[PDB]
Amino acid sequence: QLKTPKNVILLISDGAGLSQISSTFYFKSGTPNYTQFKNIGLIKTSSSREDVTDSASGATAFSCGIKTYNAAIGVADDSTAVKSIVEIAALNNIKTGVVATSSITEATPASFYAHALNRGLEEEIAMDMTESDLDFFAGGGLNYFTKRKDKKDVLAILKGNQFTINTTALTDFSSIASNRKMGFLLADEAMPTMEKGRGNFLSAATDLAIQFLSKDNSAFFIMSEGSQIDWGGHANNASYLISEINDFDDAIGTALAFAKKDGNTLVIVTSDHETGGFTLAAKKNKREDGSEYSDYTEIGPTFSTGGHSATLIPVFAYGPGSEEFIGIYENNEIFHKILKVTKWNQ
(Lines of atoms letter the chains of each structure in order from A and count residues from 1; the text may use other names and numbers.)
(Lines give C-alpha, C1' and ligand atoms only; values in the text may rest on other atoms or scores of the structure.)
Protein backbone atom coordinates (compact mmCIF):
# COMPACT_ATOMS: atom_id res chain seq x y z
CA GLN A 1 0.00 0.00 0.00
CA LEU A 2 1.65 3.17 -1.31
CA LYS A 3 1.39 6.74 -0.02
CA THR A 4 -0.84 9.19 -1.92
CA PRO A 5 0.88 12.28 -3.39
CA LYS A 6 -0.96 15.60 -3.20
CA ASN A 7 1.16 17.15 -5.98
CA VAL A 8 2.82 15.82 -9.13
CA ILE A 9 5.71 17.27 -11.14
CA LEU A 10 6.40 15.61 -14.49
CA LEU A 11 9.76 16.57 -16.04
CA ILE A 12 10.31 15.61 -19.66
CA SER A 13 13.74 15.58 -21.27
CA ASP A 14 12.87 15.53 -24.95
CA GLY A 15 15.10 13.20 -26.93
CA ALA A 16 17.13 11.92 -23.96
CA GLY A 17 17.92 8.21 -23.92
CA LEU A 18 20.09 6.63 -21.21
CA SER A 19 23.26 7.61 -23.14
CA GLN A 20 22.22 11.30 -23.03
CA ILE A 21 21.39 11.02 -19.32
CA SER A 22 24.79 9.39 -18.77
CA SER A 23 26.62 12.38 -20.24
CA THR A 24 25.79 14.36 -17.07
CA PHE A 25 27.98 11.87 -15.15
CA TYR A 26 31.04 12.84 -17.22
CA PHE A 27 30.39 16.39 -18.45
CA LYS A 28 28.68 18.14 -15.56
CA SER A 29 30.39 19.81 -12.61
CA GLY A 30 29.41 17.91 -9.46
CA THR A 31 27.07 14.94 -9.05
CA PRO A 32 23.99 14.74 -11.29
CA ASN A 33 20.63 15.09 -9.56
CA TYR A 34 19.69 11.86 -11.31
CA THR A 35 21.55 10.14 -8.44
CA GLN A 36 18.86 11.07 -5.89
CA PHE A 37 16.48 8.57 -7.53
CA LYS A 38 15.96 5.03 -6.25
CA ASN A 39 12.80 3.98 -8.06
CA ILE A 40 13.53 3.44 -11.74
CA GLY A 41 11.45 1.99 -14.60
CA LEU A 42 11.60 1.69 -18.39
CA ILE A 43 9.07 2.73 -21.05
CA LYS A 44 8.57 1.48 -24.59
CA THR A 45 7.87 4.50 -26.77
CA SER A 46 6.38 3.22 -30.08
CA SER A 47 3.25 5.02 -31.37
CA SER A 48 0.04 3.39 -32.61
CA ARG A 49 1.36 3.33 -36.20
CA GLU A 50 5.14 3.73 -35.99
CA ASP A 51 7.97 1.81 -34.29
CA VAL A 52 9.84 5.12 -33.97
CA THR A 53 7.76 7.77 -32.22
CA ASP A 54 7.66 11.55 -32.68
CA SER A 55 7.25 14.11 -29.87
CA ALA A 56 3.51 14.59 -30.43
CA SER A 57 2.35 10.98 -30.08
CA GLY A 58 5.02 10.38 -27.43
CA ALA A 59 3.80 13.28 -25.31
CA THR A 60 0.11 12.45 -25.86
CA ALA A 61 0.87 8.99 -24.45
CA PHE A 62 1.87 10.78 -21.23
CA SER A 63 -0.86 13.43 -21.18
CA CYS A 64 -3.81 11.29 -22.33
CA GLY A 65 -2.75 7.69 -21.75
CA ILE A 66 -3.34 6.35 -25.26
CA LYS A 67 -1.17 5.17 -28.14
CA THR A 68 -1.84 7.49 -31.07
CA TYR A 69 -0.32 8.37 -34.47
CA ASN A 70 2.88 10.42 -34.99
CA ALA A 71 1.96 14.14 -35.10
CA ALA A 72 -1.23 13.77 -33.04
CA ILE A 73 -1.79 16.34 -30.28
CA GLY A 74 -4.13 15.12 -27.55
CA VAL A 75 -6.18 13.04 -29.99
CA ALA A 76 -6.74 9.29 -30.42
CA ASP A 77 -5.74 7.19 -33.42
CA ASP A 78 -9.02 8.20 -35.12
CA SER A 79 -8.41 11.93 -34.53
CA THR A 80 -11.01 12.36 -31.78
CA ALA A 81 -10.14 14.47 -28.74
CA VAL A 82 -9.28 12.51 -25.62
CA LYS A 83 -9.42 13.71 -22.00
CA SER A 84 -6.01 14.77 -20.66
CA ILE A 85 -4.37 14.70 -17.24
CA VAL A 86 -4.54 18.51 -17.13
CA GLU A 87 -8.28 18.37 -17.79
CA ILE A 88 -8.64 15.69 -15.09
CA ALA A 89 -6.57 17.82 -12.71
CA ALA A 90 -8.80 20.86 -13.27
CA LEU A 91 -11.92 18.77 -12.59
CA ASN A 92 -10.39 17.63 -9.30
CA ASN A 93 -9.63 21.21 -8.28
CA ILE A 94 -5.90 20.79 -9.01
CA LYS A 95 -3.94 23.85 -10.19
CA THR A 96 -2.05 23.16 -13.46
CA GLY A 97 1.12 24.51 -15.08
CA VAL A 98 3.30 23.93 -18.14
CA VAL A 99 6.91 25.04 -18.75
CA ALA A 100 9.12 24.54 -21.82
CA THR A 101 12.28 25.90 -23.47
CA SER A 102 10.70 25.62 -26.91
CA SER A 103 7.72 27.64 -28.03
CA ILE A 104 4.78 26.82 -25.75
CA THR A 105 2.91 25.65 -28.87
CA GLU A 106 5.50 22.98 -29.66
CA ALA A 107 4.42 19.33 -29.50
CA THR A 108 5.33 18.43 -25.90
CA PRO A 109 3.68 21.33 -24.00
CA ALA A 110 0.84 21.38 -26.53
CA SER A 111 -0.07 17.77 -25.79
CA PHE A 112 -0.90 18.80 -22.22
CA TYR A 113 -3.41 21.56 -23.02
CA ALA A 114 -4.61 21.26 -26.62
CA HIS A 115 -6.28 18.77 -28.97
CA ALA A 116 -5.28 19.00 -32.63
CA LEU A 117 -5.14 16.71 -35.66
CA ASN A 118 -1.57 17.65 -36.37
CA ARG A 119 1.30 19.18 -34.37
CA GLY A 120 1.89 21.52 -37.31
CA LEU A 121 -1.28 23.45 -36.43
CA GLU A 122 0.54 25.77 -34.04
CA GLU A 123 -1.73 28.81 -34.45
CA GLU A 124 -4.70 26.55 -33.67
CA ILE A 125 -2.80 25.22 -30.66
CA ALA A 126 -2.16 28.76 -29.42
CA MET A 127 -5.90 29.50 -29.71
CA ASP A 128 -6.56 26.27 -27.75
CA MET A 129 -4.46 27.75 -24.94
CA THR A 130 -7.26 30.28 -24.44
CA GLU A 131 -9.87 27.57 -23.83
CA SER A 132 -7.65 25.35 -21.67
CA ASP A 133 -7.76 25.04 -17.89
CA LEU A 134 -4.06 25.84 -17.43
CA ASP A 135 -3.36 28.22 -14.54
CA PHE A 136 0.31 28.84 -15.34
CA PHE A 137 2.69 28.57 -18.28
CA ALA A 138 6.15 29.74 -19.29
CA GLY A 139 7.99 29.32 -22.60
CA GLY A 140 8.63 30.91 -25.97
CA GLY A 141 6.26 31.29 -28.90
CA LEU A 142 5.07 34.90 -28.79
CA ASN A 143 4.75 34.83 -32.59
CA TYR A 144 1.87 32.33 -32.44
CA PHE A 145 -0.15 34.74 -30.33
CA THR A 146 0.78 38.14 -31.81
CA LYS A 147 2.15 37.58 -35.35
CA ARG A 148 -0.27 35.01 -36.73
CA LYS A 149 -1.15 34.44 -40.37
CA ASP A 150 -4.80 35.00 -39.47
CA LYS A 151 -3.75 38.30 -37.88
CA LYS A 152 -5.88 37.57 -34.81
CA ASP A 153 -4.76 38.95 -31.46
CA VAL A 154 -4.73 35.88 -29.22
CA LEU A 155 -2.84 37.69 -26.45
CA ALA A 156 -5.94 39.82 -25.90
CA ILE A 157 -8.08 36.69 -25.81
CA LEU A 158 -5.73 35.18 -23.23
CA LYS A 159 -6.03 38.20 -20.95
CA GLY A 160 -9.79 38.19 -21.51
CA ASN A 161 -9.68 34.72 -19.98
CA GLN A 162 -8.11 35.87 -16.70
CA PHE A 163 -4.51 35.35 -17.77
CA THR A 164 -1.97 37.89 -16.62
CA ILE A 165 0.67 37.89 -19.37
CA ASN A 166 4.33 38.90 -19.18
CA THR A 167 6.41 39.13 -22.37
CA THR A 168 9.43 40.85 -20.81
CA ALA A 169 11.04 38.50 -18.25
CA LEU A 170 10.47 35.96 -15.48
CA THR A 171 9.64 37.77 -12.24
CA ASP A 172 9.77 36.67 -8.59
CA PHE A 173 6.74 35.11 -6.90
CA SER A 174 5.60 38.28 -5.09
CA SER A 175 5.22 40.00 -8.45
CA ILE A 176 2.51 37.60 -9.57
CA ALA A 177 1.00 36.31 -6.31
CA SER A 178 -2.25 38.27 -6.63
CA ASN A 179 -2.83 37.02 -10.18
CA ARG A 180 -5.44 34.35 -10.93
CA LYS A 181 -3.50 32.89 -13.85
CA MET A 182 -0.05 33.69 -15.16
CA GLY A 183 1.52 33.30 -18.60
CA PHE A 184 5.12 34.05 -19.63
CA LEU A 185 5.96 34.33 -23.34
CA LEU A 186 9.64 35.24 -23.29
CA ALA A 187 10.67 34.62 -26.89
CA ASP A 188 9.19 34.99 -30.38
CA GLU A 189 9.84 31.32 -31.11
CA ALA A 190 12.15 29.02 -29.12
CA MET A 191 13.84 30.34 -25.98
CA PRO A 192 17.60 30.85 -26.44
CA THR A 193 19.91 27.82 -26.16
CA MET A 194 22.06 27.55 -23.03
CA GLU A 195 25.11 28.38 -25.17
CA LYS A 196 23.35 31.59 -26.26
CA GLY A 197 22.77 32.62 -22.65
CA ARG A 198 19.37 31.24 -21.57
CA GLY A 199 20.76 30.68 -18.08
CA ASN A 200 18.54 29.07 -15.46
CA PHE A 201 15.13 29.77 -17.03
CA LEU A 202 13.94 26.17 -16.71
CA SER A 203 14.72 25.80 -13.00
CA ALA A 204 13.53 29.33 -12.20
CA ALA A 205 10.22 28.96 -14.09
CA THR A 206 9.61 25.55 -12.55
CA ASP A 207 10.27 27.04 -9.12
CA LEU A 208 7.94 29.92 -9.93
CA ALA A 209 5.22 27.52 -11.07
CA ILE A 210 5.46 25.58 -7.81
CA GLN A 211 5.06 28.72 -5.69
CA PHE A 212 2.22 30.11 -7.79
CA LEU A 213 0.25 26.88 -8.11
CA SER A 214 0.54 26.01 -4.41
CA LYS A 215 -1.08 29.31 -3.40
CA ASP A 216 -3.78 28.99 -0.74
CA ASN A 217 -2.72 25.42 0.07
CA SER A 218 -3.75 24.12 -3.37
CA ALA A 219 -2.62 20.81 -4.85
CA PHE A 220 -0.89 21.14 -8.24
CA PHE A 221 0.27 19.39 -11.42
CA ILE A 222 3.26 20.73 -13.40
CA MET A 223 4.85 19.50 -16.61
CA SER A 224 8.27 21.05 -17.26
CA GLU A 225 10.18 20.22 -20.42
CA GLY A 226 13.85 20.39 -21.28
CA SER A 227 12.78 20.85 -24.89
CA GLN A 228 16.02 21.43 -26.78
CA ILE A 229 17.96 18.32 -25.77
CA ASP A 230 16.21 16.79 -28.79
CA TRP A 231 17.55 19.53 -31.11
CA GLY A 232 21.15 18.90 -30.12
CA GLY A 233 20.44 15.26 -31.00
CA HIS A 234 19.07 16.05 -34.47
CA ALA A 235 22.03 18.31 -35.14
CA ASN A 236 24.46 15.67 -33.90
CA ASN A 237 25.89 18.54 -31.84
CA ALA A 238 27.36 17.19 -28.61
CA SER A 239 28.01 20.44 -26.73
CA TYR A 240 24.47 21.65 -27.50
CA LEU A 241 22.90 18.37 -26.38
CA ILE A 242 25.11 18.19 -23.28
CA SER A 243 24.57 21.77 -22.12
CA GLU A 244 20.80 21.39 -22.59
CA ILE A 245 20.59 18.22 -20.51
CA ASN A 246 22.90 19.61 -17.82
CA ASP A 247 20.37 22.44 -17.46
CA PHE A 248 17.57 19.85 -17.34
CA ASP A 249 19.36 18.07 -14.50
CA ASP A 250 19.45 21.43 -12.71
CA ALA A 251 15.64 21.51 -13.03
CA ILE A 252 15.43 18.02 -11.56
CA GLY A 253 17.38 19.30 -8.56
CA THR A 254 14.83 22.10 -8.22
CA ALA A 255 11.83 19.75 -8.29
CA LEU A 256 13.46 17.34 -5.84
CA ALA A 257 14.49 20.07 -3.39
CA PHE A 258 10.84 21.09 -3.17
CA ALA A 259 9.55 17.51 -3.00
CA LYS A 260 11.91 16.43 -0.22
CA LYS A 261 10.97 19.42 1.91
CA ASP A 262 7.25 19.21 1.03
CA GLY A 263 6.90 15.46 1.55
CA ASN A 264 3.62 15.29 -0.40
CA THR A 265 4.98 15.61 -3.93
CA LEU A 266 5.67 12.94 -6.54
CA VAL A 267 8.37 13.82 -9.06
CA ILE A 268 8.57 11.85 -12.29
CA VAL A 269 11.44 12.31 -14.74
CA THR A 270 11.43 10.63 -18.15
CA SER A 271 11.79 11.25 -21.89
CA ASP A 272 9.48 10.86 -24.90
CA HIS A 273 12.14 9.00 -26.93
CA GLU A 274 15.87 9.06 -27.79
CA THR A 275 17.45 10.96 -30.67
CA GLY A 276 20.63 10.85 -32.73
CA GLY A 277 21.95 7.59 -31.29
CA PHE A 278 24.17 9.66 -28.97
CA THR A 279 27.01 7.47 -27.69
CA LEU A 280 29.75 8.05 -25.10
CA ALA A 281 32.39 6.49 -27.33
CA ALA A 282 36.14 6.44 -26.71
CA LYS A 283 38.03 9.56 -27.74
CA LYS A 284 39.69 9.12 -31.13
CA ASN A 285 43.45 9.74 -31.04
CA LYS A 286 45.70 10.36 -34.04
CA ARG A 287 49.41 9.61 -34.48
CA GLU A 288 51.24 9.93 -37.81
CA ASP A 289 50.15 6.99 -39.94
CA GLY A 290 48.27 4.39 -38.09
CA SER A 291 46.32 7.62 -38.21
CA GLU A 292 43.28 6.89 -36.03
CA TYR A 293 43.03 4.82 -32.85
CA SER A 294 40.72 4.60 -29.82
CA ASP A 295 41.76 5.95 -26.42
CA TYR A 296 39.60 4.49 -23.66
CA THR A 297 40.89 6.99 -21.09
CA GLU A 298 38.49 9.67 -22.34
CA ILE A 299 35.13 10.03 -24.07
CA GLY A 300 34.42 11.49 -27.52
CA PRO A 301 30.63 11.57 -28.07
CA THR A 302 29.39 10.27 -31.44
CA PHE A 303 26.04 9.89 -33.23
CA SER A 304 24.64 7.42 -35.78
CA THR A 305 21.42 9.06 -37.02
CA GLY A 306 19.84 12.45 -37.57
CA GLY A 307 16.46 11.20 -36.29
CA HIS A 308 14.78 9.47 -33.34
CA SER A 309 15.32 5.90 -32.15
CA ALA A 310 13.11 3.28 -30.53
CA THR A 311 15.23 2.34 -27.49
CA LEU A 312 13.40 1.87 -24.20
CA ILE A 313 13.54 5.01 -22.04
CA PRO A 314 14.41 5.31 -18.32
CA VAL A 315 11.72 6.55 -15.91
CA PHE A 316 12.73 8.05 -12.55
CA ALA A 317 10.28 8.62 -9.69
CA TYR A 318 10.60 10.10 -6.20
CA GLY A 319 8.01 10.78 -3.51
CA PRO A 320 4.66 9.29 -2.46
CA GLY A 321 3.59 6.65 -4.97
CA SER A 322 6.92 6.52 -6.82
CA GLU A 323 7.06 2.71 -6.46
CA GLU A 324 4.28 2.42 -9.03
CA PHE A 325 6.70 3.57 -11.75
CA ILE A 326 9.28 0.76 -11.59
CA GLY A 327 9.49 -2.26 -13.93
CA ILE A 328 8.86 -2.15 -17.70
CA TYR A 329 5.75 -0.78 -19.42
CA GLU A 330 4.28 1.14 -22.38
CA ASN A 331 4.75 4.94 -22.43
CA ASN A 332 1.01 5.56 -22.20
CA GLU A 333 0.93 3.81 -18.81
CA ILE A 334 2.63 6.87 -17.35
CA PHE A 335 -0.76 8.60 -17.51
CA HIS A 336 -2.61 5.68 -15.96
CA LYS A 337 -0.06 5.41 -13.14
CA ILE A 338 -0.26 9.12 -12.30
CA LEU A 339 -4.03 8.77 -12.21
CA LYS A 340 -3.68 5.65 -10.07
CA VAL A 341 -1.42 7.10 -7.35
CA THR A 342 -3.15 10.50 -7.03
CA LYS A 343 -6.57 8.85 -6.79
CA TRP A 344 -8.09 11.70 -8.81
CA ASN A 345 -11.57 11.22 -10.30
CA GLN A 346 -11.11 10.13 -13.92
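In this text, residue numbers run from 1 along the sequence as written.
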(request) Give the stretch, out of 309-317 and 27-35, with the larger mean C-alpha temperature factor in the deposited entry. (result) 27-35
(request) Mind pulling up the entry and telling me whether 228-236 or 176-184 has the higher mean Cα temperature factor? (result) 176-184
(request) Pick out which of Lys95, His273, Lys152, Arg119 has the highest C-alpha B-factor in the PDB entry. (result) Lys152
(request) Determine which member of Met191, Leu266, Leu158, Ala126 has the highest CA B-factor, using the values in the deposited entry. (result) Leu158
(request) Place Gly65 in the lowest, middle or highest third of its chain's C-alpha B-factors, as listed in the PDB entry. (result) middle
(message) Based on the deposited C-alpha B factors for this chain, I'd like to know if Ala76 is in the lowest, middle or highest third.
(response) middle
(message) Which third, lowest, middle or highest, does the C-alpha temperature factor of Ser46 belong to within its own chain?
(response) middle
(message) By the recorded C-alpha temperature factor, relative to the other modelled residues in its chain, which third is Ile299 in?
(response) highest
(message) Please say which third, lowest, middle or highest, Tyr144 falls into when its CA temperature factor is compared across its chain.
(response) highest
